[PDB]
Amino acid sequence: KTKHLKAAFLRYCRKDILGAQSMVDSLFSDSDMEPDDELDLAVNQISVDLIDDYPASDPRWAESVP
Amino acid sequence: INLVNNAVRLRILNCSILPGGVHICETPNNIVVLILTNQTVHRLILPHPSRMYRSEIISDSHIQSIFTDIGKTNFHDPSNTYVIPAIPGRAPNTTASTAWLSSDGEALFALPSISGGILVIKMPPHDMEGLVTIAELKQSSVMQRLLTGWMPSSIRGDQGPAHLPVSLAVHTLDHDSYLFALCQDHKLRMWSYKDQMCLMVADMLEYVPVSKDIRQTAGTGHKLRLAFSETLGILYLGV
């Protein structure tokens, strides 16, 4: 959902600065779904939706980390 | 909307499912499926639809059924499955059953006993460790209770096969569960589960244009339904 994409976009914000916190919010993202055929295509539509906001205007990951 | 993964085939090996042995109960968080067989009782816990979706922005093409995650439920958990003991046990060849959730989230299953009473199996709440408990509801006269120590069972009038429930229904009010039993003797009986007592006995033949022959024949085709009006606070019984 929109909350998950907006939580990965906030972990990329911290990835420019340090990795340890953002690696635990990827380890907590192994509290995912894990059925290959469409829910891994539901974190796909998240990584794709951020590669469409990084070519757009100011990307919605920005604000917290400038 | 077309739901994804909206169908499940459950096979309970060696156990035949009872006619009317499937009951669905809704709670603010979960859908609970209660299943009675000839030998076992089962509880399935599924997420409520309002809890599956936290975001208003779901593309219609990916709306999942409550069944999508059913393969993650541990069906071998003793909290979710119980084997019905042979004594006091279920009456052979009966189809009457009812199941419900208590106010406390306990799963209750009611079935005809071999003794002509109602056998009630109570499973603990799904989130609590507990033992399955068994209660048998019997019409004991106060005279049968007081004389329990002085006369052998042969004079006591064992509840003959004529007392066997043919249709069971339940209504939950406050903190009690009222069981309605339409029996082979054409009588409707009402039970409090909490007080373990018969509160009402009505003879259904008082409302039928009686032929003298009906009183001698076991009523095997009888059906009972309940409907409750929350707005009026009134319980109706269709017989």
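Looking at the entry header, you'll see cryo-EM listed as the method and 5.60 Å as the resolution.

Caption draft 1: Examining the overall build of chain A more closely. Secondary structure summary: chain A contains 3 helices and 0 strands in total. Expressed as lengths along the three principal axes of its C-alpha atoms, the size of chain A is roughly 35 × 30 × 15 Å.

Caption draft 2: How the structure looks around the overall build of chain B. Across its full length, chain B holds 2 helices and 14 strands. In terms of overall dimensions, chain B has a C-alpha envelope of 70 × 40 × 35 Å along the principal axes. A fraction of 25% describes how many contacts in chain B between residues 6 or more apart in sequence connect residues 24 or more apart.

Caption draft 3: Broad picture of the sheet that holds strand β5 (residues 98-101) of chain B. All names here are of chain B. Judged by pairing direction, the sheet is antiparallel, and its 4 strands sit side by side in the order β5-β6-β7-β8 without closing on themselves. Two strands in the sheet have a free side with no partner beyond their single neighbour: β5 and β8 (133-137). Here the average twist between neighbouring strands, direction ignored, is 20 degrees. Relative to strand β6 (residues 107-112), β5 runs antiparallel, the two sharing 4 bridges.

Caption draft 4: The arrangement of the sheet that holds strand β2 (residues 30-37) of chain B in detail. All names here are of chain B. Reading across from one edge, β1-β2-β3-β4 is the order of the 4 strands in this open sheet, with antiparallel pairing throughout. Two strands in the sheet have a free side with no partner beyond their single neighbour: β1 (17-26) and β4 (81-83). Each neighbouring strand pair of the sheet contributes to a mean axis angle of 15 degrees, computed without reference to strand direction.

Caption draft 5: A look at unusual backbone geometry. Going from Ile87 of chain B to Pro88 of chain B, the amide bond is cis rather than trans, its omega being 5 degrees. Note on placement: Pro88 of chain B falls in the loop between β4 and β5.

Caption draft 6: Geometry of the pairing of strand β14 (residues 234-238) of chain B. All names here are of chain B. Where strand β13 (residues 225-229) meets β14, 5 bridges bridge the pair, whose relative direction is antiparallel. Bridge pairing in β14 places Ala227 opposite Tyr236. Counting the residues between successive antiparallel strands, the hairpin from β13 to β14 contains 4 residues, one of them, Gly233, with a positive phi of roughly 65 degrees.

Caption draft 7: Up close: the environment of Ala135 of chain B. All names here are of chain B. Tracing the sequence through the fold places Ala135 in strand β8. A C-alpha to C-alpha distance of 6.6 Å links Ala135 and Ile121, two positions 14 residues apart in sequence. Beyond its immediate chain neighbours, meaning those up to four positions away, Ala135 contacts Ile118, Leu119 and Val120.

Caption draft 8: Here's a closer look at the environment of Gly105 of chain B. Residue and element names in this part refer to chain B. On the secondary structure map, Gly105 appears in the loop between β5 and β6. Considering only alpha carbons, one finds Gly105 and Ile45, 60 residues apart in sequence, at a separation of 12 Å. Sequence-distant contacts of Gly105, defined by excluding residues within four places in its chain, comprise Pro125 and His126.

Reading guide: rules and limits
Residues numbered from 1 in each chain as written, not as in the entry; some residues may be left out. Chains lettered and ligands numbered in written order. Part of a larger assembly, values for the part shown. Heavy atoms only, no water. Residues with missing side-chain atoms left out of burial classes, pairs and counts. Helix = DSSP H or I, 4+ residues; strand = E, 2+ residues; numbered from the N terminus. Contact = heavy atoms within 4.5 Å. Pairing = 2+ DSSP bridges. Axes fitted to C-alpha atoms, helices over the stretch in contact; angles between N-to-C directions.

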